[PDB]
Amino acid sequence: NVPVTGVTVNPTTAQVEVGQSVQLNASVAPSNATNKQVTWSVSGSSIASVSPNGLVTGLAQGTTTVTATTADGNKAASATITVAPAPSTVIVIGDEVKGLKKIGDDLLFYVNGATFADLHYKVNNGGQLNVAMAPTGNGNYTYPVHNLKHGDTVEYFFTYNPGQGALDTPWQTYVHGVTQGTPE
């Protein structure tokens, strides 16, 4: 009855971090068009996901094109979504003796003041990994875990000897981009 003459998407560009969402809106012309329904699509779906209502969620580093197409007339408009890297901001989770630093998408596990330090860790429902932590050269130890994604659940404990004799710590649970710590 009142045909669509056009569509625009707002915002026309947005930056999100991996795991963050932005709501897009399709503006259909004329404003009294009978059928304002749109299909949302993305040309780079490993970068960004789009819901049936234009909610865009960053999945990985990159820039992609979200398009809205009118059910009436197949007019199409698009926005550019940039998914930005995790900031390299160091977030510390634990105490003076042990814990981890979040450094973008790597975790740096640390044990301070020992004879040796091992790390026991598991990621989501994969297997346990037992590793020797690297000596810094001063009684301190470090071990980087690489390339975590948003939602990755890491269970981890240490075996170390701070003098008395070898002890195991209680397993902690860390969720990538959900567990909070204190900045730099």
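For every residue, the number given is its place in the sequence shown, counted from 1.
- Between 9-17 and 164-172, the higher mean Cα B-factor belongs to 164-172.
- Note on 101-109 vs 88-96: mean CA B-factor is higher in 88-96.
- In the PDB entry, the Cα temperature factor peaks, among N125, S46, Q37, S41, at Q37.
- Between the residues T153, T67, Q61, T136, it is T136 that shows the highest Cα B-factor in the PDB record.
- When the modelled residues of the chain are ordered by C-alpha B-factor, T115 sits in the highest third.
- In the deposited entry, the Cα temperature factor of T142 places it in the middle third of its chain's modelled residues.
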